file work34.cif (mmCIF, C-alpha atoms (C1' of nucleotides) and all ligand atoms)
data_structure
loop_
_atom_site.group_PDB
_atom_site.id
_atom_site.type_symbol
_atom_site.label_atom_id
_atom_site.label_comp_id
_atom_site.auth_asym_id
_atom_site.auth_seq_id
_atom_site.Cartn_x
_atom_site.Cartn_y
_atom_site.Cartn_z
ATOM 1 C CA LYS A 1 -12.665 -20.143 12.674
ATOM 2 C CA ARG A 2 -10.837 -17.058 11.430
ATOM 3 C CA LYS A 3 -11.999 -14.782 14.259
ATOM 4 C CA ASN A 4 -8.806 -14.681 16.356
ATOM 5 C CA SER A 5 -6.985 -12.037 14.246
ATOM 6 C CA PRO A 6 -7.660 -8.476 15.603
ATOM 7 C CA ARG A 7 -10.837 -6.714 14.367
ATOM 8 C CA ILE A 8 -9.922 -3.500 12.558
ATOM 9 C CA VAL A 9 -12.676 -0.919 12.765
ATOM 10 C CA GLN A 10 -12.160 2.387 10.940
ATOM 11 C CA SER A 11 -14.585 5.182 10.129
ATOM 12 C CA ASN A 12 -15.643 5.468 6.497
ATOM 13 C CA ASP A 13 -14.092 8.953 6.451
ATOM 14 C CA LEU A 14 -10.638 7.363 6.767
ATOM 15 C CA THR A 15 -11.526 4.779 4.143
ATOM 16 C CA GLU A 16 -12.329 7.625 1.763
ATOM 17 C CA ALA A 17 -9.490 9.995 2.592
ATOM 18 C CA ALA A 18 -6.865 11.049 0.075
ATOM 19 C CA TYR A 19 -3.350 10.319 1.339
ATOM 20 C CA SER A 20 -0.211 8.369 0.315
ATOM 21 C CA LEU A 21 1.403 5.704 2.512
ATOM 22 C CA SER A 22 3.553 2.670 1.813
ATOM 23 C CA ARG A 23 2.388 -0.840 2.604
ATOM 24 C CA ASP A 24 4.577 -0.639 5.698
ATOM 25 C CA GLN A 25 3.071 2.635 6.907
ATOM 26 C CA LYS A 26 -0.464 1.279 6.409
ATOM 27 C CA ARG A 27 0.539 -1.889 8.296
ATOM 28 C CA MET A 28 1.431 0.372 11.243
ATOM 29 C CA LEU A 29 -1.626 2.580 10.764
ATOM 30 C CA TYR A 30 -3.848 -0.435 11.407
ATOM 31 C CA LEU A 31 -2.041 -1.021 14.730
ATOM 32 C CA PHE A 32 -2.279 2.575 15.962
ATOM 33 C CA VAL A 33 -6.047 2.788 15.389
ATOM 34 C CA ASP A 34 -6.363 -0.381 17.467
ATOM 35 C CA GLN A 35 -4.694 1.148 20.537
ATOM 36 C CA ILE A 36 -6.792 4.319 20.254
ATOM 37 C CA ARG A 37 -10.003 2.401 20.884
ATOM 38 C CA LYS A 38 -9.124 2.164 24.622
ATOM 39 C CA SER A 39 -10.453 5.383 26.187
ATOM 40 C CA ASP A 40 -12.482 6.083 29.326
ATOM 41 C CA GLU A 41 -10.380 10.812 26.289
ATOM 42 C CA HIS A 42 -7.284 9.551 24.441
ATOM 43 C CA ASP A 43 -4.144 11.610 23.772
ATOM 44 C CA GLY A 44 -2.578 10.223 20.568
ATOM 45 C CA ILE A 45 0.433 8.362 21.956
ATOM 46 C CA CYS A 46 1.042 4.910 20.619
ATOM 47 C CA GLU A 47 3.736 2.314 21.143
ATOM 48 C CA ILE A 48 5.214 -0.243 18.729
ATOM 49 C CA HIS A 49 7.028 -3.446 19.811
ATOM 50 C CA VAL A 50 9.452 -4.899 17.185
ATOM 51 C CA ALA A 51 9.197 -8.364 18.640
ATOM 52 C CA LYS A 52 5.369 -8.580 18.385
ATOM 53 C CA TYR A 53 5.315 -6.927 14.924
ATOM 54 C CA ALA A 54 7.607 -9.668 13.632
ATOM 55 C CA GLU A 55 5.265 -12.415 14.888
ATOM 56 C CA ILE A 56 2.224 -10.710 13.275
ATOM 57 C CA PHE A 57 3.804 -10.212 9.850
ATOM 58 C CA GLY A 58 6.039 -13.290 9.561
ATOM 59 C CA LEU A 59 9.374 -11.473 9.453
ATOM 60 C CA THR A 60 12.777 -11.740 11.089
ATOM 61 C CA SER A 61 13.717 -9.597 14.063
ATOM 62 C CA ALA A 62 16.291 -7.724 11.996
ATOM 63 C CA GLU A 63 14.097 -7.006 8.960
ATOM 64 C CA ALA A 64 11.151 -5.973 11.127
ATOM 65 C CA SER A 65 13.462 -3.289 12.603
ATOM 66 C CA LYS A 66 14.355 -2.018 9.085
ATOM 67 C CA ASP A 67 10.722 -1.754 8.086
ATOM 68 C CA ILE A 68 9.662 0.208 11.169
ATOM 69 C CA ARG A 69 12.611 2.599 11.307
ATOM 70 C CA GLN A 70 12.291 3.530 7.649
ATOM 71 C CA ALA A 71 8.561 4.304 7.606
ATOM 72 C CA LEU A 72 8.494 6.361 10.816
ATOM 73 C CA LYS A 73 10.984 8.593 8.959
ATOM 74 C CA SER A 74 8.786 8.710 5.864
ATOM 75 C CA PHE A 75 5.716 10.005 7.696
ATOM 76 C CA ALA A 76 6.914 13.591 7.942
ATOM 77 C CA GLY A 77 5.522 15.939 5.328
ATOM 78 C CA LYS A 78 2.756 13.370 4.689
ATOM 79 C CA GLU A 79 -0.771 14.831 4.935
ATOM 80 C CA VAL A 80 -4.164 13.191 5.040
ATOM 81 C CA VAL A 81 -7.087 15.044 3.522
ATOM 82 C CA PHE A 82 -10.714 14.438 4.521
ATOM 83 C CA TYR A 83 -13.771 15.281 2.401
ATOM 84 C CA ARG A 84 -17.633 15.721 2.925
ATOM 85 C CA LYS A 85 -18.557 18.560 -0.409
ATOM 86 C CA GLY A 86 -15.711 19.355 2.084
ATOM 87 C CA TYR A 87 -11.935 19.932 2.369
ATOM 88 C CA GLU A 88 -9.655 19.438 5.442
ATOM 89 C CA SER A 89 -5.942 18.512 5.700
ATOM 90 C CA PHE A 90 -3.991 17.266 8.749
ATOM 91 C CA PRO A 91 -0.475 15.944 9.495
ATOM 92 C CA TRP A 92 -0.197 12.328 10.638
ATOM 93 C CA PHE A 93 2.541 12.830 13.268
ATOM 94 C CA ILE A 94 3.264 16.029 15.245
ATOM 95 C CA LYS A 95 6.659 14.927 16.674
ATOM 96 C CA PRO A 96 9.281 12.392 15.537
ATOM 97 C CA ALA A 97 9.064 8.833 16.791
ATOM 98 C CA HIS A 98 11.814 7.527 19.071
ATOM 99 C CA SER A 99 12.996 4.517 21.060
ATOM 100 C CA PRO A 100 13.301 4.785 24.884
ATOM 101 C CA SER A 101 14.571 1.162 25.040
ATOM 102 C CA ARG A 102 15.523 -1.592 22.575
ATOM 103 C CA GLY A 103 12.502 -2.888 20.696
ATOM 104 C CA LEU A 104 10.134 -0.053 21.656
ATOM 105 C CA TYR A 105 9.019 2.960 19.589
ATOM 106 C CA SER A 106 6.762 5.772 20.811
ATOM 107 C CA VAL A 107 4.832 7.587 18.107
ATOM 108 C CA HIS A 108 2.596 10.613 18.582
ATOM 109 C CA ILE A 109 -0.478 10.746 16.374
ATOM 110 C CA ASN A 110 -2.039 14.135 15.784
ATOM 111 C CA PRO A 111 -4.749 14.106 18.496
ATOM 112 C CA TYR A 112 -7.121 15.809 16.073
ATOM 113 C CA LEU A 113 -7.317 12.626 13.993
ATOM 114 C CA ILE A 114 -8.868 10.760 16.965
ATOM 115 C CA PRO A 115 -12.517 11.461 16.029
ATOM 116 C CA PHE A 116 -11.965 10.714 12.318
ATOM 117 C CA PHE A 117 -10.664 7.282 13.403
ATOM 118 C CA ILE A 118 -13.448 6.307 15.792
ATOM 119 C CA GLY A 119 -16.359 7.611 13.697
ATOM 120 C CA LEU A 120 -20.131 7.339 14.000
ATOM 121 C CA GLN A 121 -22.630 4.552 14.574
ATOM 122 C CA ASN A 122 -23.666 2.245 11.693
ATOM 123 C CA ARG A 123 -21.245 4.281 9.538
ATOM 124 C CA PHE A 124 -17.931 2.395 9.517
ATOM 125 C CA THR A 125 -15.751 -0.178 7.708
ATOM 126 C CA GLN A 126 -14.470 -3.358 9.347
ATOM 127 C CA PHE A 127 -12.182 -6.328 8.561
ATOM 128 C CA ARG A 128 -9.967 -8.831 10.386
ATOM 129 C CA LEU A 129 -6.242 -8.062 10.258
ATOM 130 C CA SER A 130 -5.477 -11.525 8.880
ATOM 131 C CA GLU A 131 -7.505 -10.478 5.847
ATOM 132 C CA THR A 132 -4.870 -7.923 4.750
ATOM 133 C CA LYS A 133 -1.411 -8.883 6.055
ATOM 134 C CA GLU A 134 -0.397 -10.681 2.804
ATOM 135 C CA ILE A 135 -1.175 -7.792 0.436
ATOM 136 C CA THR A 136 1.929 -6.065 -0.944
ATOM 137 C CA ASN A 137 0.746 -3.251 -3.219
ATOM 138 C CA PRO A 138 -0.620 -0.558 -0.866
ATOM 139 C CA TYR A 139 -3.072 0.366 -3.657
ATOM 140 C CA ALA A 140 -4.451 -3.168 -3.478
ATOM 141 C CA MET A 141 -4.892 -2.423 0.230
ATOM 142 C CA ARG A 142 -6.859 0.809 -0.286
ATOM 143 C CA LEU A 143 -9.312 -0.923 -2.677
ATOM 144 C CA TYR A 144 -9.906 -3.803 -0.285
ATOM 145 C CA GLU A 145 -10.748 -1.408 2.535
ATOM 146 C CA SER A 146 -13.165 0.353 0.201
ATOM 147 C CA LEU A 147 -14.879 -2.879 -0.822
ATOM 148 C CA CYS A 148 -15.246 -3.668 2.866
ATOM 149 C CA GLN A 149 -17.274 -0.459 3.408
ATOM 150 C CA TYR A 150 -20.068 -2.095 1.378
ATOM 151 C CA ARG A 151 -19.721 -5.674 2.621
ATOM 152 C CA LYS A 152 -23.045 -7.132 3.743
ATOM 153 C CA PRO A 153 -23.010 -9.582 6.681
ATOM 154 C CA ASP A 154 -22.635 -12.661 4.429
ATOM 155 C CA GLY A 155 -19.415 -11.242 2.983
ATOM 156 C CA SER A 156 -20.729 -10.198 -0.415
ATOM 157 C CA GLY A 157 -21.384 -6.920 -2.135
ATOM 158 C CA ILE A 158 -21.685 -4.781 -5.210
ATOM 159 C CA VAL A 159 -20.442 -1.240 -5.675
ATOM 160 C CA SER A 160 -19.642 1.083 -8.600
ATOM 161 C CA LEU A 161 -16.635 3.400 -8.191
ATOM 162 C CA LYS A 162 -15.901 6.313 -10.548
ATOM 163 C CA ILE A 163 -12.352 6.418 -11.909
ATOM 164 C CA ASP A 164 -11.701 10.118 -11.365
ATOM 165 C CA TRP A 165 -12.453 9.429 -7.636
ATOM 166 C CA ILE A 166 -9.941 6.563 -7.404
ATOM 167 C CA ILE A 167 -7.184 8.702 -8.922
ATOM 168 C CA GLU A 168 -7.999 11.353 -6.311
ATOM 169 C CA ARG A 169 -8.487 9.520 -2.989
ATOM 170 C CA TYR A 170 -5.945 6.802 -3.671
ATOM 171 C CA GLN A 171 -3.524 9.437 -5.148
ATOM 172 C CA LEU A 172 -2.381 7.343 -8.158
ATOM 173 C CA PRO A 173 0.752 8.281 -10.121
ATOM 174 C CA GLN A 174 0.264 10.753 -12.973
ATOM 175 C CA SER A 175 0.619 8.312 -15.824
ATOM 176 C CA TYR A 176 -2.409 6.236 -14.805
ATOM 177 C CA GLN A 177 -4.678 8.938 -16.206
ATOM 178 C CA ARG A 178 -3.949 7.131 -19.532
ATOM 179 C CA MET A 179 -6.391 4.171 -19.305
ATOM 180 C CA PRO A 180 -4.199 1.447 -20.923
ATOM 181 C CA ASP A 181 -1.755 1.976 -18.037
ATOM 182 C CA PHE A 182 -4.465 2.288 -15.324
ATOM 183 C CA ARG A 183 -5.699 -1.016 -16.694
ATOM 184 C CA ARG A 184 -2.301 -2.779 -16.704
ATOM 185 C CA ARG A 185 -0.375 -1.455 -13.683
ATOM 186 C CA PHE A 186 -3.243 -0.777 -11.208
ATOM 187 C CA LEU A 187 -6.558 -2.501 -11.912
ATOM 188 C CA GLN A 188 -5.445 -5.931 -13.137
ATOM 189 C CA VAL A 189 -2.704 -5.961 -10.436
ATOM 190 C CA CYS A 190 -4.823 -5.033 -7.400
ATOM 191 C CA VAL A 191 -7.583 -7.385 -8.461
ATOM 192 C CA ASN A 192 -5.392 -10.480 -8.878
ATOM 193 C CA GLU A 193 -3.616 -9.760 -5.634
ATOM 194 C CA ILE A 194 -6.898 -9.640 -3.654
ATOM 195 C CA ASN A 195 -7.973 -12.904 -5.302
ATOM 196 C CA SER A 196 -4.682 -14.523 -4.117
ATOM 197 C CA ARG A 197 -3.915 -13.190 -0.684
ATOM 198 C CA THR A 198 -7.301 -12.422 0.931
ATOM 199 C CA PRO A 199 -10.402 -14.563 1.587
ATOM 200 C CA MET A 200 -12.408 -12.399 -0.860
ATOM 201 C CA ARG A 201 -13.114 -13.335 -4.482
ATOM 202 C CA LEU A 202 -13.686 -10.432 -6.884
ATOM 203 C CA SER A 203 -14.755 -9.726 -10.497
ATOM 204 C CA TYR A 204 -15.396 -6.462 -12.367
ATOM 205 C CA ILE A 205 -16.898 -4.759 -15.460
ATOM 206 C CA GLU A 206 -16.176 -1.354 -17.106
ATOM 207 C CA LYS A 207 -18.913 1.356 -17.508
ATOM 208 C CA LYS A 208 -18.185 3.292 -20.734
ATOM 209 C CA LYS A 209 -19.677 6.603 -21.943
ATOM 210 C CA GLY A 210 -18.889 7.622 -25.469
ATOM 211 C CA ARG A 211 -15.369 6.554 -26.159
ATOM 212 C CA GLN A 212 -14.351 7.027 -22.483
ATOM 213 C CA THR A 213 -14.352 4.447 -19.701
ATOM 214 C CA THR A 214 -15.741 6.127 -16.570
ATOM 215 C CA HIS A 215 -16.671 3.667 -13.754
ATOM 216 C CA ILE A 216 -15.664 0.221 -12.444
ATOM 217 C CA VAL A 217 -18.496 -1.973 -11.183
ATOM 218 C CA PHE A 218 -17.002 -4.300 -8.607
ATOM 219 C CA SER A 219 -18.860 -7.221 -7.151
ATOM 220 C CA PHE A 220 -17.590 -10.045 -4.927
ATOM 221 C CA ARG A 221 -18.411 -13.070 -2.686
ATOM 222 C CA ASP A 222 -16.551 -14.647 0.268
ATOM 223 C CA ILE A 223 -14.516 -17.808 -0.131
ATOM 224 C CA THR A 224 -16.426 -19.492 2.695
ATOM 225 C CA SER A 225 -19.532 -19.612 0.384
ATOM 226 C "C1'" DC B 1 -9.680 10.252 -30.144
ATOM 227 C "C1'" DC B 2 -9.465 5.350 -28.151
ATOM 228 C "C1'" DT B 3 -6.569 0.778 -27.455
ATOM 229 C "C1'" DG B 4 -2.416 -2.689 -26.255
ATOM 230 C "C1'" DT B 5 2.620 -3.618 -25.950
ATOM 231 C "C1'" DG B 6 7.852 -3.071 -25.830
ATOM 232 C "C1'" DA B 7 11.373 -0.794 -23.834
ATOM 233 C "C1'" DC B 8 13.764 1.897 -20.116
ATOM 234 C "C1'" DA B 9 13.916 3.759 -15.278
ATOM 235 C "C1'" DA B 10 13.327 4.184 -10.752
ATOM 236 C "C1'" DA B 11 11.471 1.826 -6.666
ATOM 237 C "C1'" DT B 12 10.200 -2.252 -3.438
ATOM 238 C "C1'" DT B 13 10.828 -7.034 -2.407
ATOM 239 C "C1'" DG B 14 12.866 -10.766 0.694
ATOM 240 C "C1'" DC B 15 17.337 -12.001 1.775
ATOM 241 C "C1'" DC B 16 22.361 -11.837 3.507
ATOM 242 C "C1'" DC B 17 25.954 -10.326 6.817
ATOM 243 C "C1'" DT B 18 28.406 -7.515 10.653
ATOM 244 C "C1'" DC B 19 28.449 -5.938 15.359
ATOM 245 C "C1'" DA B 20 27.015 -4.018 20.112
ATOM 246 C "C1'" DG B 21 25.172 -4.710 24.404
ATOM 247 C "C1'" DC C 1 20.369 -14.046 21.731
ATOM 248 C "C1'" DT C 2 17.811 -9.577 19.836
ATOM 249 C "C1'" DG C 3 17.764 -5.903 17.125
ATOM 250 C "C1'" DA C 4 20.256 -1.547 14.916
ATOM 251 C "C1'" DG C 5 23.133 -1.172 10.871
ATOM 252 C "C1'" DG C 6 25.084 -1.738 5.951
ATOM 253 C "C1'" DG C 7 24.291 -4.041 1.410
ATOM 254 C "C1'" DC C 8 22.289 -6.818 -2.889
ATOM 255 C "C1'" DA C 9 20.010 -9.189 -7.063
ATOM 256 C "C1'" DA C 10 15.411 -10.136 -8.703
ATOM 257 C "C1'" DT C 11 10.999 -8.646 -9.367
ATOM 258 C "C1'" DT C 12 7.334 -5.178 -9.507
ATOM 259 C "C1'" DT C 13 5.892 -0.449 -10.334
ATOM 260 C "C1'" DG C 14 5.951 3.949 -13.117
ATOM 261 C "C1'" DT C 15 6.699 6.414 -17.856
ATOM 262 C "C1'" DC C 16 6.449 6.871 -22.573
ATOM 263 C "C1'" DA C 17 7.231 5.644 -27.977
ATOM 264 C "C1'" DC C 18 5.087 3.406 -31.512
ATOM 265 C "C1'" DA C 19 1.385 0.861 -34.022
ATOM 266 C "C1'" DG C 20 -3.217 -0.049 -35.097
ATOM 267 C "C1'" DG C 21 -9.055 0.564 -34.959
HETATM 268 MG MG MG A 301 4.903 2.451 -1.378
HETATM 269 MG MG MG A 302 11.020 -4.703 4.250
#
call {"tool": "encode", "arguments": {"input": "work34.cif", "output": "structure tokens"}}
result
Amino acid sequence: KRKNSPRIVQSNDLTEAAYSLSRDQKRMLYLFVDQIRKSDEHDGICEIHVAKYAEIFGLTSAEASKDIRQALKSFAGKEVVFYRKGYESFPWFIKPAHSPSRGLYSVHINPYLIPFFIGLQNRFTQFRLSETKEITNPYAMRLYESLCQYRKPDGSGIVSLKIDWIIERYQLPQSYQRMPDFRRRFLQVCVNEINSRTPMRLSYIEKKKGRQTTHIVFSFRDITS
DNA sequence: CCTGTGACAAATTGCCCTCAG
DNA sequence: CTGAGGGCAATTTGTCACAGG
């Protein structure tokens, strides 16, 4: 099969939020949201084990330590903003991470994010973790999550996304407001990298209005077709 | 206006090595 | 032996000048 990798289940509000995290931060953010789904009333305290992280992401003990230490530092000052319109901004962490023993980090998610993570019925995105552990460009990650929000059961879909919305929720660098660059350094990159490192296969077409290009119409099928 | 491309810069990659318990 | 450190060269991301439809 391919069903042994953990099932990531995030609310569509998180899928659509505007924030900025590295690949490495997003890698961890998948793990945290997994822990949180164990509540009979959860508090926002998560733990991270170097040794297991290495096995999941195919990295050496030493380099897995570099990756974790450096991102935990980079969280501070980083906000996530939720919409639906609507406008709300929260901090990811409320305390610095730390290590009570070798190999172990304790992080403290803002408890208020707990409902935005768990979400509402028939209103959520889902994907296996194995589906996304070989992506490098975090932007390629954000797009894949989005596509997954519209995946039918047979692993196929069609969705049109407006470009001014991608620049906003995915918080793209300034210069990609000039379409030639948006084309070259974001769209063609994140599409090839999905085609290569995920079980999804993707094509696209550009919706133009006047001289301006305004929407990307993404459609895809699953490799097991 | 729109487009693509060449050049330059600043950032991320996997990889190497030392050293402490 | 693991993992907390320091470091590096090659490749990928981000910016912007110039040329043409
Ligand atoms: Mg990054
Ligand atoms: Mg790394």
call {"tool": "residues_near_ligand", "arguments": {"input": "work34.cif", "ligand": "ligand MG 301 (chain A)", "cutoff": "12 Å", "atoms": "only C-alpha atoms (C1' of nucleotides) and all ligand atoms", "output": "ChimeraX atom specification"}}
result
/A:19-27,67,70-71,74-75,136-142,170-173 /B:11-13 /C:12-14
call {"tool": "interface_residues", "arguments": {"input": "work34.cif", "of": "chain B", "to": "chain A", "cutoff": "10 Å", "atoms": "all atoms listed in the file", "output": "PyMOL selection string"}}
result
chain B and resi 1-5+12-15
call {"tool": "interface_residues", "arguments": {"input": "work34.cif", "of": "chain A", "to": "chain C", "cutoff": "7 Å", "atoms": "all atoms listed in the file", "output": "list in words"}}
result
residues 61, 62, 65 and 175 of chain A
call {"tool": "write_last_selection", "arguments": {"input": "work34.cif", "atoms": "C-alpha atoms", "output": "compact mmCIF listing (two decimals), in the frame of the given file"}}
result
# COMPACT_ATOMS: atom_id res chain seq x y z
CA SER A 61 13.72 -9.60 14.06
CA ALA A 62 16.29 -7.72 12.00
CA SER A 65 13.46 -3.29 12.60
CA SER A 175 0.62 8.31 -15.82
call {"tool": "atom_distance", "arguments": {"input": "work34.cif", "atom1": "CA of residue 93 (chain A)", "atom2": "CA of residue 128 (chain A)"}}
result
25.2 Å
call {"tool": "resolve_selection", "arguments": {"input": "work34.cif", "expression": "the PyMOL selection byres (((chain A and resi 7-18) around 9) and not hetatm)", "output": "VMD selection string"}}
result
chain A and resid 3 to 6 19 to 20 30 to 31 33 to 34 79 to 84 115 to 120 123 to 129 142 145 to 146 149 168 to 171
call {"tool": "build_atoms", "arguments": {"input": "work34.cif", "residues": "region 79-108 of chain A", "atoms": "N, CA and C atoms", "output": "CSV table (one decimal), in the coordinates of the input"}}
result
chain,number,residue,atom,x,y,z
A,79,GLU,N,0.5,14.4,4.5
A,79,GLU,CA,-0.8,14.8,4.9
A,79,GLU,C,-1.8,13.8,4.6
A,80,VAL,N,-2.9,13.9,5.4
A,80,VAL,CA,-4.2,13.2,5.0
A,80,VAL,C,-5.2,14.3,4.9
A,81,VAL,N,-6.1,14.1,3.9
A,81,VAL,CA,-7.1,15.0,3.5
A,81,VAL,C,-8.4,14.3,3.6
A,82,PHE,N,-9.4,14.9,4.4
A,82,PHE,CA,-10.7,14.4,4.5
A,82,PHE,C,-11.7,15.3,3.7
A,83,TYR,N,-12.7,14.7,3.2
A,83,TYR,CA,-13.8,15.3,2.4
A,83,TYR,C,-15.1,15.0,3.1
A,84,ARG,N,-16.2,15.7,2.5
A,84,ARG,CA,-17.6,15.7,2.9
A,84,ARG,C,-18.0,17.0,3.7
A,85,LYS,N,-19.6,19.5,-0.9
A,85,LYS,CA,-18.6,18.6,-0.4
A,85,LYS,C,-17.8,19.1,0.9
A,86,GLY,N,-16.5,18.8,1.0
A,86,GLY,CA,-15.7,19.4,2.1
A,86,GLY,C,-14.2,19.2,1.8
A,87,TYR,N,-13.4,19.9,2.6
A,87,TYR,CA,-11.9,19.9,2.4
A,87,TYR,C,-11.1,20.3,3.6
A,88,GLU,N,-10.4,19.3,4.2
A,88,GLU,CA,-9.7,19.4,5.4
A,88,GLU,C,-8.4,18.6,5.4
A,89,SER,N,-7.2,19.2,5.8
A,89,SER,CA,-5.9,18.5,5.7
A,89,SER,C,-5.2,18.6,7.0
A,90,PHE,N,-4.7,17.4,7.5
A,90,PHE,CA,-4.0,17.3,8.7
A,90,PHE,C,-2.7,16.5,8.6
A,91,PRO,N,-1.7,16.8,9.4
A,91,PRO,CA,-0.5,15.9,9.5
A,91,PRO,C,-0.6,14.7,10.4
A,92,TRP,N,0.0,13.6,9.9
A,92,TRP,CA,-0.2,12.3,10.6
A,92,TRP,C,0.4,12.4,12.0
A,93,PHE,N,1.8,12.6,12.1
A,93,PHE,CA,2.5,12.8,13.3
A,93,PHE,C,2.7,14.3,13.5
A,94,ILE,N,3.0,14.7,14.8
A,94,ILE,CA,3.3,16.0,15.2
A,94,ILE,C,4.6,16.2,16.0
A,95,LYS,N,5.4,15.1,15.9
A,95,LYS,CA,6.7,14.9,16.7
A,95,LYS,C,7.3,13.7,16.1
A,96,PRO,N,8.6,13.6,16.1
A,96,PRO,CA,9.3,12.4,15.5
A,96,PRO,C,9.2,11.2,16.5
A,97,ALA,N,9.1,10.0,15.9
A,97,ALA,CA,9.1,8.8,16.8
A,97,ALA,C,10.4,8.7,17.5
A,98,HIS,N,10.5,7.8,18.5
A,98,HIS,CA,11.8,7.5,19.1
A,98,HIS,C,11.7,6.3,19.9
A,99,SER,N,12.9,5.8,20.4
A,99,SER,CA,13.0,4.5,21.1
A,99,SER,C,13.6,4.7,22.5
A,100,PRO,N,12.8,4.7,23.5
A,100,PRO,CA,13.3,4.8,24.9
A,100,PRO,C,14.0,3.5,25.4
A,101,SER,N,13.9,2.4,24.7
A,101,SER,CA,14.6,1.2,25.0
A,101,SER,C,14.5,0.2,23.8
A,102,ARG,N,15.5,-0.7,23.7
A,102,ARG,CA,15.5,-1.6,22.6
A,102,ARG,C,14.2,-2.4,22.4
A,103,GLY,N,13.7,-2.2,21.1
A,103,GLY,CA,12.5,-2.9,20.7
A,103,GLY,C,11.3,-2.0,20.7
A,104,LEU,N,11.3,-0.8,21.4
A,104,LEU,CA,10.1,-0.1,21.7
A,104,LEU,C,10.2,1.3,20.9
A,105,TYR,N,9.2,1.6,20.2
A,105,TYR,CA,9.0,3.0,19.6
A,105,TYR,C,7.8,3.6,20.1
A,106,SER,N,7.9,4.9,20.4
A,106,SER,CA,6.8,5.8,20.8
A,106,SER,C,6.5,6.7,19.7
A,107,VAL,N,5.3,6.7,19.1
A,107,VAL,CA,4.8,7.6,18.1
A,107,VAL,C,3.8,8.5,18.7
A,108,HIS,N,3.5,9.6,18.1
A,108,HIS,CA,2.6,10.6,18.6
A,108,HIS,C,1.7,11.1,17.4
